[PDB]
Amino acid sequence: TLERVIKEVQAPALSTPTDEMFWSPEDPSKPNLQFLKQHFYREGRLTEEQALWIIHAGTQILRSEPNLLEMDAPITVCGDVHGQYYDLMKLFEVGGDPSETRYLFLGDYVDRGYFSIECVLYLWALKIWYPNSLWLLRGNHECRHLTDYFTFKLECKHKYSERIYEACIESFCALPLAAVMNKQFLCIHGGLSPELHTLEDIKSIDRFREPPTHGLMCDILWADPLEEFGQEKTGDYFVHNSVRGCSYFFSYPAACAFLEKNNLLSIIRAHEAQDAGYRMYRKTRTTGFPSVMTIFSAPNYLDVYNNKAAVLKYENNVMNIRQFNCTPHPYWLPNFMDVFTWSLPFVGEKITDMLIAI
């Protein structure tokens, strides 16, 4: 289409990949990552068959993993992404190429952002290529309830089909719930639980299901630190989370009690948006180390927060935070609304008004 008004604006990729384009020339059993990276960047779509293959192959690997992953340093811990694919590209450029960098994502890959399925298909493709160096944890948004409530189900039905959405839902149930990194840090999305006493409690969870409205599996995905964390007037451990409407707020003595019980240094989490992309909570009295770490990897969250994003890098005995700003992305009308559905109600009004003038 040469005849467009704003020619300086690049058009989306028109066609779907062929088998020769899709499969990697180096490893014909795995997708071409470099191609996928560019194709998604130009808002290109895969065929239903190709997209289904990536998710199912991803499910195949995830189902073989335990509820509690166990990995050693070096590692790059990443927080929420929320369909911000063009910021996810910046993430890998800051953290390092997955082909030579060990990663750990804490969840929330979908909803809110209008490029959720691109994030999933690419992260799943990376998991296929690097099953023993890249790990994906489940976030509270990786379930049927929130994806249907928000935008992910709509995105799948719009860009692809219902079969794709059902594939992701099945895949989300295979996602690990937690991880113990380098025998020092408990890595989760949400926070602690009154039913979470030891790491053994996590291991006995049947994760192959939708998250419950309450309980251990719920809290791991939904729990938050208190707003006055580290400065609690009381000695209470938990309290109802009035903000989330479910799960609990956990406190500083609650965190310290867990860490001392399980011989862990800190709790690396996400789930909450930070202005700097991260927040370091009160250090423990036992080791002088930050009891809780919130990692958030979605810059300019919802295109309005104007916040930085960050990832945690832990190598040898060295740990540091790397921040990065947002990256421009193509525009979508709310809920993937087409310009016809978008303008017709207004057209009908202006025509009706013009009729009265006659």
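Residue indices: 1-based, along the sequence shown.
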Report summary line: Assert higher mean C-alpha B factor (331-339 or 8-16, deposited values) equals 8-16
Report summary line: Comparing 208-216 with 282-290, the higher average Cα temperature factor in the PDB entry belongs to 282-290
Requested in this report: Could you tell me which one of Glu232, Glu170, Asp87, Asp111 shows the highest CA temperature factor in the PDB record?
Outcome: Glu232
Query raised in the report: Between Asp80, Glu118, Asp148, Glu142, which one tops the list for C-alpha B-factor in the PDB entry?
Result: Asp148
Query - Where the record places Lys159 (Cα B-factor, split into thirds across the chain) - result: middle
Report summary line: Chain thirds by Cα B factor, record data; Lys261 belongs to the highest
Query raised in the report: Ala178's Cα B-factor: lowest, middle or highest third of the chain?
Result: lowest
Report summary line: Chain-relative C-alpha B factor for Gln184 (record values, thirds): the highest
Requested in this report: Name the third of the chain's ranked CA B-factors that contains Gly95, choosing lowest, middle or highest.
Outcome: middle
